[PDB]
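Report on the following structure.
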Amino acid sequence: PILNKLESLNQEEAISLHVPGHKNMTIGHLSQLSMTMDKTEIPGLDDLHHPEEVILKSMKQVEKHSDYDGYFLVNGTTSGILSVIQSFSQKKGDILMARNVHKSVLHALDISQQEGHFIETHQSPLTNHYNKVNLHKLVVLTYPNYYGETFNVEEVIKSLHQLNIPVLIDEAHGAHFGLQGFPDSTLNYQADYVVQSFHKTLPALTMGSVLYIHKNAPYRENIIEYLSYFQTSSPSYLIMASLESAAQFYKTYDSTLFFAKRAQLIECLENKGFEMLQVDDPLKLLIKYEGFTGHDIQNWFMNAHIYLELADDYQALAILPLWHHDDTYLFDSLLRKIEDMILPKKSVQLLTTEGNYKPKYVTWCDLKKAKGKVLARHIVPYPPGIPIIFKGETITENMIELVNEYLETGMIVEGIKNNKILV
Amino acid sequence: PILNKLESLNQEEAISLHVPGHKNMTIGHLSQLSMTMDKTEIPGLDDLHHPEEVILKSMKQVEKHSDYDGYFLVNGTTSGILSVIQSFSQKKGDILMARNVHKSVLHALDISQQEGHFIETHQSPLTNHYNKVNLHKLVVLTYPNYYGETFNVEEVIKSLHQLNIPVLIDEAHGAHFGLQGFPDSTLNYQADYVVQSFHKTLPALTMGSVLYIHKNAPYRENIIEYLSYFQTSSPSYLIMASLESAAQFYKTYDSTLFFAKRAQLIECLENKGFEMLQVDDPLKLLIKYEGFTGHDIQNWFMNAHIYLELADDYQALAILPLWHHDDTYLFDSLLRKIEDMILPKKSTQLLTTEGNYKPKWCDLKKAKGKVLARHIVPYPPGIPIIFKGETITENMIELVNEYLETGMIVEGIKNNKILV
Ligand SMILES: *Cc1c(COP(=O)(O)O)cnc(C)c1O
Ligand SMILES: *Cc1c(COP(=O)(O)O)cnc(C)c1O
Ligand SMILES: [Sm+3]
Ligand SMILES: [Sm+3]
Ligand SMILES: [Sm+3]
Ligand SMILES: [Sm+3]
Ligand SMILES: [Sm+3]
Ligand SMILES: [Sm+3]
Ligand SMILES: [Sm+3]
C-alpha cells in the first residue's frame with residue numbers, strides 16, 4: 001500500500017514544496033548515495049555511539065561554528081531534544097518554555113518528570129502564530145517559528161545567561177540559516193544547545209538532524225550519553241551519510257540562483273491573484289488568496305500535483321527548494337502549472353500569559369468549575385489549529401475567559417466537548 | 001569520509017555476513033525503493049503517529065498473528081522497548097530482567113526511574129553466553145539470544161501469566177522466526193509484547209523494526225502513545241516502505257534453497273578446518289578454529305572482504321542471508337574466497353545469580369553493599385556480568401577477584417577498584 005502510493009506519486013511527477021529539503025531527489029547530491037551503503041558497525045566503518053574514526057572525522061566536517069561540537073542524529077531533532085532535557089532531571093528547578101515549543105519538549109518533560117513553566121509568548125501580526133517571547137534551570141525556545149519568523153533571540157539568550165540559565169534553541173527550521181541572504185543561526189549568540197533539522201530544509205534524508213553543544217555548556221557529557229539512549233543502537237548509515245552530504249552542500253552553496261528563481265515564482269503566483277506574506281526567512285513562502293483558506297489553496301496546488309508543506313485557515317506554506325545550477329527541479333513545470341491553474345473569482349487571539357506546567361483517571365469538568373485545576377488535554381482553537389493551553393497547565397480565570405470568547409464567536413475548539421474541559 | 005569508505009566497500013565487492021538482512025541490497029526486493037520516495041505527511045501519505053489510511057492498511061499486512069496489532073518502528077527495536085517500559089512507570093512493583101537484556105532495557109529503567117530485578121540467568125555450555133532463565137509488574141526476556149540460542153520460553157511465559165505478570169519479549173534476533181524450518185516466534189506463546197528488529201535478519205532498512213502488542217496486553221493505549229514520544233515526528237517513509245517490503249518477503253518466502261545453500265557453505269567451511277557450532281537458529285553460524293580466537297577468524301575473513309557480524313575470544317558469528325531464487329548474493333565468491341584462504345596450523349564463568357537493580361573508585365574487597373556505578377565486563381566474552389545499579393555482594397567480589405587472579409581482562413575495574 002505505501003509503496004503503491006509512493007510509486008503513484010512518482011508517475012504523476014509530483015512537485016515538492018515540502019520537507020525534506022532534497023525535494024524528491026531534485027535538490028542536493030544524494031544521487032551519490034545508494035542503498036547498498038545501508039550497512040552497520042563493521043570494522044572500517046565507525047560507531048555513532050562511540051565515534052573515534054570516520055564518523056568523528058565527519059563530525060568535524062559538520063561543524064558550522066568553532067565554539068560547538070556537532071553530533072549526528074538519526075531519530076530527528078526529537079532525539080537531540082530528549083537528550084538535552086533529560087540531563088536536567090536530577091537538578092533543582094524548573095524548565096522555562098515558549099508557548100510554541102514542539103511536542104518533543106513536552107514529551108521530554110513528561111517522560112523525565114520535570115517541572116516546567118511557559119514564558120509570556122506573543123502572536124505575530126503577520127501570521128497570527130506565536131513568534132516571540134518576553135522575559136529556571138533551563139530555557140527552551142523555538143527559533144525560527146514554523147513559518148520562518150524570527151525575533152530578538154540574541155538579547156533573550158544574553159539576558160538568561162546574566163541570570164546563569166542555559167538555553168536550548170530548537171532550531172528545527174533554521175538549518176539553512178547562515179547562508180548568504182538568510183537569517184543568522186543562534187550558533188552566533190552563544191546558545192548552549194542548538195538542534196537543527198537538516199532534513200527539513202537541507203538535502204538530507206528524512207530523520208537526519210544535528211545537535212550542536214557549546215563547549216562550555218552544562219552537562220555536556222551526560223547529554224552525549226543520552227543520545228545513545230534515545231537513538232537506536234543500529235543507527236542508519238544512509239541517514240548519516242546524507243547529513244555529511246548535506247553539510248558539504250551547505251558549505252559550498254551559492255544562493256544567487258535561488259533569489260532569482262524565488263522572484264520569478266512570486267511573480268508567477270502574484271499574477272495569478274495570490275498574495276504572499278514576506279517573513280524573515282526567504283525559504284518560507286506563505287500564500288494567501290482573498291475569500292479562500294490555506295486548505296483551499298493547498299487543495300488547488302495538490303490538484304496540479306504540487307505539494308505544499310501545510311496550511312491553516314489563513315494561508316498555505318511553501319518551503320522553497322535550495323535551487324542550484326546543477327539541480328533537477330521541475331521549475332518550469334511548477335510555473336507552468338500555476339499559470340494554467342483555474343481559480344475561483346475571489347470574494348470576502350492566542351493565550352500569551354505565562355503559566356506553570358506539571359508533568360502529571362480523567363473527567364470532563366464545566367469551565368466555571370475547572371479553575372485552579374490541572375489540564376489533562378490540549379486546547380486547540382481553529383484557527384490556527386495549534387495549542388494555546390497544554391495539558392499539565394493549571395487552569396486560570398484568563399484562560400476560561402478567552403476560551404469562552406472563542407466559543408461565543410463559533411470558533412472550533414478541540415479539547416472541549418459539551419462546554420467542558422478535561423481535567 | 002563516511003561516503004568515501006562506503007564507496008570503497010562497494011568497489012571491493014564486500015560480502016555481508018552481517019546486519020542488515022538485505023546484505024548490501026543483494027537479498028530482498030528493496031531495489032523497488034528509491035530515495036525519490038523519501039517524502040513526508042503530505043495528503044495521500046498517512047501519518048505514522050495517527051494512522052487511519054495507507055499506513056493503517058500497511059499495518060494490517062504486517063500482521064503475523066491475529067492476536068496482535070503490529071506497529072512500525074523507524075528508531076529500531078530500541079524505541080519499542082522504551083515505549084513498553086515507560087508505560088509501567090507509575091505502577092507499583094519492579095521490572096524483572098534476564099541478565100542478557102539489551103542496553104535499551106536498562107536505559108529505559110533509567111530514564112523512567114523504575115526499580116528492577118535480575119532473574120537467575122544461566123550460561124550456555126555451547127556458546128558460553130547467557131541463554132536461558134530460571135524462575136514483578138513486568139518481565140523482560142531476550143529471545144533468541146544474539147547467537148540464535150533459544151530456550152523453553154513458552155513454559156516461562158505461562159508460569160508468569162499464572163502469577164498475573166505480563167512479559168515483554170525482546171525478539172530483536174527473531175524477525176525471521178516462523179519461517180519454514182526455523183524456530184517459532186513468541187507471538188505463538190501469548191507474549192504480551194514482542195519487538196522484532198526486521199532490519200537485522202530480513203530485507204528491511206537499518207533502523208526498521210516492528211512492535212507487536214497483544215490485543216489484551218496491559219497499557220496498550222499508553223504504549224501506542226509513547227511510540228510517538230520516543231520516535232521522531234518526521235518518520236522516514238523509506239524505512240516504513242522497507243518494513244512493508246520485508247513483510248511481503250516474509251509471508252511469501254520459500255526456505256528450501258536456504259537450507260541447501262547453508263549446507264554447502266558448512267561443507268566448504270568444514271573442509272578448511274573450521275569448526276561450526278550448531279545453534280537453535282539456522283540463520284546464525286558460529287565459527288571456531290582450534291588454537292586461534294573469534295577475533296582472528298573475523299580478521300582472516302575481513303582480509304577476504306567477507307564481513308562477519310562480530311566475534312568474542314571463542315567464536316566468530318556469521319548471520320546468513322535468507323537466500324532465494326532471484327537474489328543477487330555473491331555465494332560463489334564467498335565459497336571461492338573461503339576455499340583459497342591460507343590459514344595457520346591449529347594449536348569465563350558468568351554470574352548467574354539474581355539481583356536487584358536501582359535506577360540511581362573503591363577497593364573490590366571493601367565494595368560489599370555499595371551500588372555499582374559502572375558495568376563489570378569480563379573479556380572474554382565481553383558482555384556485562386554485573387550492571388551499573390546492581391548491589392555488590394560477597395559472591396560478586398569472590399567471582400570478580402578469581403577473574404583477575406586468572407589474567408582475565410575485566411573492564412569496569414581499575415587498580416583492583418570498582419566504580420561506586
Ligand atoms: C519538526 C520539528 C521538530 C522535530 O524535529 P524532527 O526532525 O521532526 O524530529 C522540533 N521542533 C520544531 C519546531 C519542528 O518543526
Ligand atoms: C539490536 C538489539 C536490540 C535493539 O534493536 P535496534 O533495532 O538496534 O534498535 C535490542 N535487543 C537485542 C538483543 C538486540 O540485539
Ligand atoms: Sm515552580
Ligand atoms: Sm507581560
Ligand atoms: Sm484585493
Ligand atoms: Sm582456489
Ligand atoms: Sm562470607
Ligand atoms: Sm561466599
Ligand atoms: Sm583463587
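Chain lettering (A, B, ...) mirrors the order of the C-alpha cells, residue numbering begins at 1 for each chain separately, and ligand numbering begins at 1 in order of display.
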
>> Set the distance at 7 Å and use only C-alpha atoms: which residues neighbour segment 120-133 of chain B once local chain neighbours fewer than 5 positions away are removed? I'd like the list as an MDAnalysis selection string.
In response: chainID B and resid 98:100 145 149:151 350 352:354

Just N, CA, C and O atoms for this one: save the residues we selected as a PDB file, in the first residue's frame.
ATOM      1  N   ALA B  98      16.105 -10.723  32.559  1.00  0.00           N
ATOM      2  CA  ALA B  98      17.235 -11.569  32.185  1.00  0.00           C
ATOM      3  C   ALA B  98      18.557 -10.776  32.244  1.00  0.00           C
ATOM      4  O   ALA B  98      18.584  -9.561  32.025  1.00  0.00           O
ATOM      5  N   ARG B  99      19.652 -11.467  32.551  1.00  0.00           N
ATOM      6  CA  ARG B  99      20.958 -10.810  32.651  1.00  0.00           C
ATOM      7  C   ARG B  99      21.537 -10.477  31.277  1.00  0.00           C
ATOM      8  O   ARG B  99      22.496  -9.724  31.186  1.00  0.00           O
ATOM      9  N   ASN B 100      20.947 -11.034  30.221  1.00  0.00           N
ATOM     10  CA  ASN B 100      21.297 -10.650  28.861  1.00  0.00           C
ATOM     11  C   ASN B 100      20.247  -9.732  28.209  1.00  0.00           C
ATOM     12  O   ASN B 100      20.046  -9.761  26.991  1.00  0.00           O
ATOM     13  N   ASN B 145      18.781 -15.355  22.070  1.00  0.00           N
ATOM     14  CA  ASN B 145      19.973 -14.553  22.353  1.00  0.00           C
ATOM     15  C   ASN B 145      20.602 -14.214  21.006  1.00  0.00           C
ATOM     16  O   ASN B 145      20.150 -14.725  19.972  1.00  0.00           O
ATOM     17  N   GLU B 149      20.410 -18.757  20.052  1.00  0.00           N
ATOM     18  CA  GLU B 149      20.032 -19.787  21.010  1.00  0.00           C
ATOM     19  C   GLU B 149      18.688 -19.425  21.589  1.00  0.00           C
ATOM     20  O   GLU B 149      18.434 -18.273  21.924  1.00  0.00           O
ATOM     21  N   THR B 150      17.846 -20.441  21.715  1.00  0.00           N
ATOM     22  CA  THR B 150      16.523 -20.307  22.269  1.00  0.00           C
ATOM     23  C   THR B 150      16.501 -21.082  23.573  1.00  0.00           C
ATOM     24  O   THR B 150      17.532 -21.613  23.997  1.00  0.00           O
ATOM     25  N   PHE B 151      15.337 -21.107  24.217  1.00  0.00           N
ATOM     26  CA  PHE B 151      15.092 -21.922  25.406  1.00  0.00           C
ATOM     27  C   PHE B 151      13.583 -22.125  25.559  1.00  0.00           C
ATOM     28  O   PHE B 151      12.810 -21.646  24.732  1.00  0.00           O
ATOM     29  N   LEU B 350      30.188 -16.996  33.921  1.00  0.00           N
ATOM     30  CA  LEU B 350      29.398 -15.773  34.054  1.00  0.00           C
ATOM     31  C   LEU B 350      28.648 -15.804  35.395  1.00  0.00           C
ATOM     32  O   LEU B 350      28.450 -16.886  35.973  1.00  0.00           O
ATOM     33  N   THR B 352      25.489 -15.883  37.436  1.00  0.00           N
ATOM     34  CA  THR B 352      24.149 -16.393  37.159  1.00  0.00           C
ATOM     35  C   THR B 352      23.118 -15.929  38.187  1.00  0.00           C
ATOM     36  O   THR B 352      21.920 -15.912  37.903  1.00  0.00           O
ATOM     37  N   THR B 353      23.581 -15.539  39.365  1.00  0.00           N
ATOM     38  CA  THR B 353      22.700 -15.185  40.482  1.00  0.00           C
ATOM     39  C   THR B 353      21.757 -13.998  40.198  1.00  0.00           C
ATOM     40  O   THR B 353      22.121 -13.019  39.524  1.00  0.00           O
ATOM     41  N   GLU B 354      20.543 -14.091  40.734  1.00  0.00           N
ATOM     42  CA  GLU B 354      19.579 -12.982  40.695  1.00  0.00           C
ATOM     43  C   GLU B 354      20.126 -11.794  41.468  1.00  0.00           C
ATOM     44  O   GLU B 354      21.072 -11.943  42.241  1.00  0.00           O
TER      45      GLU B 354
END

> What residues in chain B lie within 7 Å of chain A, counting only C-alpha atoms, written as a PyMOL selection string?
Replying inline: chain B and resi 1-3+6+19-20+24-25+35-40+42+54-55+57-58+75-76+78-79+104+107+111-112+205-207+229+231-232+234-236+241

>> Using only C-alpha atoms and all ligand atoms, which residues have at least one atom no more than 9 Å from ligand 3? Output them as an MDAnalysis selection string.
In response: chainID A and resid 93:94 115:117 136 356:358

>> Calculated over only C-alpha atoms, which of the candidates B:375, B:325, B:366, B:92 has the smallest distance to residue 115 of chain B?
In response: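 Nearest candidate to residue 115 of chain B out of B:375, B:325, B:366, B:92: B:92.
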
>> Excluding residue 80 of chain B and its own-chain neighbours fewer than 3 positions away, which residues fall within 7 Å of it when counting only C-alpha atoms? Please give them as a PyMOL selection string.
In response: chain B and resi 73+77+83-84+195+211+227

Could those residues be written to a file, using C-alpha atoms, as a short mmCIF file (atom, residue, chain, number, x, y, z; two decimals), in the first residue's frame?
data_model
loop_
_atom_site.label_atom_id
_atom_site.label_comp_id
_atom_site.auth_asym_id
_atom_site.auth_seq_id
_atom_site.Cartn_x
_atom_site.Cartn_y
_atom_site.Cartn_z
CA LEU B 73 9.29 1.41 14.30
CA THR B 77 13.53 -2.05 18.47
CA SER B 83 7.70 2.71 24.78
CA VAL B 84 6.58 -0.50 26.54
CA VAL B 195 9.53 -6.46 19.48
CA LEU B 211 6.38 -3.74 17.86
CA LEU B 227 5.65 5.39 20.32
#

> Out of segment 186-365 of chain B, which residues get strand (DSSP E or B) from DSSP, as a PyMOL selection string?
Replying inline: chain B and resi 193-196+209-214+275-278+284-288+306-308+310-311+316-319+355-357+362-363

>> Taking only C-alpha atoms into account, name the residue in A:312, A:270, A:296, A:281 that is nearest to residue 335 of chain A.
In response: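 Smallest separation from residue 335 of chain A among the options: A:270.
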
> Mind listing the residues within 12 Å of ligand 7, only C-alpha atoms and all ligand atoms counted, as number ranges by chain?
Replying inline: B: 365, 368, 393-398

> Please, which residues have at least one atom within 7 Å of an atom of ligand 6, using only C-alpha atoms and all ligand atoms, listed as a ChimeraX atom specification?
Replying inline: /B:336,339-340

Hey, which residues come within 10 Å of ligand 5 if we count only C-alpha atoms and all ligand atoms? Could you give them as a PDB file with N, CA, C and O atoms, in the first residue's frame?
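What ended up in part-v2.pdb:
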ATOM      1  N   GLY A 273      -3.141  36.097  -8.885  1.00  0.00           N
ATOM      2  CA  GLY A 273      -4.025  36.649  -7.870  1.00  0.00           C
ATOM      3  C   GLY A 273      -3.670  36.242  -6.449  1.00  0.00           C
ATOM      4  O   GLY A 273      -4.326  36.686  -5.511  1.00  0.00           O
ATOM      5  N   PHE A 274      -2.648  35.401  -6.277  1.00  0.00           N
ATOM      6  CA  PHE A 274      -2.173  35.027  -4.940  1.00  0.00           C
ATOM      7  C   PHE A 274      -1.449  36.193  -4.276  1.00  0.00           C
ATOM      8  O   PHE A 274      -0.808  36.996  -4.954  1.00  0.00           O
ATOM      9  N   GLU A 275      -1.543  36.256  -2.946  1.00  0.00           N
ATOM     10  CA  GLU A 275      -0.852  37.258  -2.132  1.00  0.00           C
ATOM     11  C   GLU A 275       0.072  36.578  -1.129  1.00  0.00           C
ATOM     12  O   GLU A 275      -0.375  35.741  -0.334  1.00  0.00           O
ATOM     13  N   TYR A 289      -5.072  33.902  -0.508  1.00  0.00           N
ATOM     14  CA  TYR A 289      -5.934  34.197  -1.663  1.00  0.00           C
ATOM     15  C   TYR A 289      -7.278  34.691  -1.160  1.00  0.00           C
ATOM     16  O   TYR A 289      -8.040  33.919  -0.576  1.00  0.00           O
ATOM     17  N   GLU A 290      -7.567  35.970  -1.401  1.00  0.00           N
ATOM     18  CA  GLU A 290      -8.757  36.633  -0.860  1.00  0.00           C
ATOM     19  C   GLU A 290     -10.045  35.830  -1.054  1.00  0.00           C
ATOM     20  O   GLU A 290     -10.388  35.451  -2.165  1.00  0.00           O
ATOM     21  N   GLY A 291     -10.750  35.586   0.044  1.00  0.00           N
ATOM     22  CA  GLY A 291     -12.005  34.853   0.011  1.00  0.00           C
ATOM     23  C   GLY A 291     -11.857  33.381   0.309  1.00  0.00           C
ATOM     24  O   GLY A 291     -12.861  32.694   0.500  1.00  0.00           O
ATOM     25  N   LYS A 346     -12.500  35.113  -6.521  1.00  0.00           N
ATOM     26  CA  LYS A 346     -12.051  35.956  -5.401  1.00  0.00           C
ATOM     27  C   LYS A 346     -13.235  36.675  -4.737  1.00  0.00           C
ATOM     28  O   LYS A 346     -14.030  37.314  -5.421  1.00  0.00           O
ATOM     29  N   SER A 347     -13.339  36.571  -3.408  1.00  0.00           N
ATOM     30  CA  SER A 347     -14.504  37.082  -2.666  1.00  0.00           C
ATOM     31  C   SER A 347     -14.136  37.569  -1.254  1.00  0.00           C
ATOM     32  O   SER A 347     -12.962  37.813  -0.970  1.00  0.00           O
ATOM     33  N   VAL A 348     -15.151  37.727  -0.396  1.00  0.00           N
ATOM     34  CA  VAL A 348     -14.991  38.132   1.014  1.00  0.00           C
ATOM     35  C   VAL A 348     -14.409  39.539   1.141  1.00  0.00           C
ATOM     36  O   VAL A 348     -15.027  40.513   0.693  1.00  0.00           O
TER      37      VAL A 348
END

Residues within 12 Å of ligand 9, counting only C-alpha atoms and all ligand atoms, as a short mmCIF file (atom, residue, chain, number, x, y, z; two decimals) with N, CA, C and O atoms, in the first residue's frame:
data_model
loop_
_atom_site.label_atom_id
_atom_site.label_comp_id
_atom_site.auth_asym_id
_atom_site.auth_seq_id
_atom_site.Cartn_x
_atom_site.Cartn_y
_atom_site.Cartn_z
N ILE B 397 32.18 -10.22 44.47
CA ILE B 397 33.58 -9.92 44.79
C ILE B 397 34.46 -11.16 44.62
O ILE B 397 35.49 -11.09 43.95
N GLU B 398 34.04 -12.29 45.19
CA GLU B 398 34.72 -13.58 45.03
C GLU B 398 34.92 -13.90 43.54
O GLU B 398 36.03 -14.14 43.08
N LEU B 399 33.82 -13.88 42.79
CA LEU B 399 33.87 -14.18 41.35
C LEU B 399 34.80 -13.24 40.60
O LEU B 399 35.66 -13.70 39.85
N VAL B 400 34.62 -11.94 40.78
CA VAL B 400 35.45 -10.95 40.08
C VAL B 400 36.94 -11.06 40.45
O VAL B 400 37.80 -10.86 39.59
N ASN B 401 37.24 -11.36 41.71
CA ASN B 401 38.64 -11.50 42.13
C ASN B 401 39.32 -12.70 41.45
O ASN B 401 40.46 -12.59 41.02
N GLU B 402 38.60 -13.83 41.35
CA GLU B 402 39.07 -15.01 40.59
C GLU B 402 39.27 -14.68 39.09
O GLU B 402 40.19 -15.18 38.47
N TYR B 403 38.39 -13.86 38.51
CA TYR B 403 38.62 -13.35 37.15
C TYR B 403 40.03 -12.74 37.07
O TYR B 403 40.85 -13.12 36.22
N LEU B 404 40.30 -11.80 37.96
CA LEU B 404 41.57 -11.09 38.00
C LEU B 404 42.74 -12.01 38.33
O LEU B 404 43.80 -11.91 37.71
N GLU B 405 42.55 -12.91 39.30
CA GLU B 405 43.54 -13.95 39.62
C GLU B 405 44.07 -14.66 38.37
O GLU B 405 45.28 -14.90 38.24
N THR B 406 43.16 -15.00 37.46
CA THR B 406 43.47 -15.86 36.32
C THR B 406 44.00 -15.12 35.07
O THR B 406 44.31 -15.76 34.07
N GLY B 407 44.10 -13.79 35.13
CA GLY B 407 44.61 -13.00 34.00
C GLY B 407 43.54 -12.58 33.01
O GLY B 407 43.83 -12.04 31.94
#

>> Could you check the closest approach to residue 253 of chain A for each of A:29, A:99, A:173, A:336 and tell me which residue wins, using only C-alpha atoms?
In response: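 Between A:29, A:99, A:173, A:336, the residue approaching residue 253 of chain A most closely is A:29.
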
>> Report, in Å with one decimal, the straight-line distance from atom CA of residue 68 of chain A to atom CA of residue 192 of chain A.
In response: 8.9 Å

> Contacts of residue 332 of chain B at 10 Å or less, counting only C-alpha atoms, minus same-chain residues fewer than 5 places along, as a ChimeraX atom specification?
Replying inline: /B:265,337-338

>> Please report the interatomic distance between atom CA of residue 11 of chain A and atom CA of residue 238 of chain B in Å with one decimal.
In response: 17.2 Å

> Between B:41, B:155, B:309, B:170, which is the closest to ligand 2 once you count only C-alpha atoms and all ligand atoms?
Replying inline: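 Among the listed residues, the smallest separation from ligand 2 belongs to B:170.
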
Contacts with ligand 4 at most 8 Å, only C-alpha atoms and all ligand atoms counted, listed as a PDB file with C-alpha atoms, in the first residue's frame:
ATOM      1  CA  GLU A 120       4.943  35.130  28.058  1.00  0.00           C
ATOM      2  CA  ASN A 134       9.134  38.182  26.768  1.00  0.00           C
ATOM      3  CA  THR A 353       0.326  34.765  29.510  1.00  0.00           C
TER       4      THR A 353
END
